[PDB]
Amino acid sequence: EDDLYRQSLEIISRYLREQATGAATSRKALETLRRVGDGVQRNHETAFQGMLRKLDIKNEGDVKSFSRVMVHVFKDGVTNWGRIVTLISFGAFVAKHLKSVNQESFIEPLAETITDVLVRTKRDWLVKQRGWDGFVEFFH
C-alpha cells in the first residue's frame, strides 16, 4: 500500500508469472532475479522438489504454507539478500508447480504473500539497503 510495496510486488509477480508460463530499478532487479533465481532453481532442484512434496502432503493451502515457511526462515532475526532471493526462487518453483496443476489463479496471491512478508516485516532492513537498488548491486 506504498511505493516500496508496489515496486516489490511488481518485480516478484512478474518473475513468478514469467517462470510459470515459460516466457528502471524494477527492470534491473528483474534481470538480476532471472540470472540468480534461475541459478538457485537449477542447483537446488532436488531439495525444492522435496519441500514442495512436503508442503503438498500437509495440504493446508500452497500459498499459506509458503507464508508460514517464509516467516520461519527469518525467525532467527537475520535478514540478507540470499534469504530474499532463495525465497522468491522457491516461489517461482512453486508458481511453475501451480501452473502444471491447472491452478494459475493461485500464482497472483503467492506473489502477494511473499511481498507482504518481505515489505511488511523487513521494511526497516529494505530501506537501509536502498531497497531493490541494494539487491541489484549485491549480486552485480
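One-based numbering along the sequence shown.
- For the pair 25 to 33 and 44 to 52, the mean Cα B-factor is higher in 25 to 33.
- The entry lists C-alpha B-factors for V78, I57, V94, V71, and the highest of these is at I57.
- If you compare the C-alpha temperature factors of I114, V101, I107, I84 in the entry, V101 comes out highest.
- Sort the chain's modelled residues by C-alpha temperature factor and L9 lands in the highest third, per the entry.
- Compared with the other modelled residues of the chain, the Cα B-factor recorded for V127 ranks in the highest third.
- Sorting the modelled residues of the chain by their CA temperature factor places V119 in the highest third.
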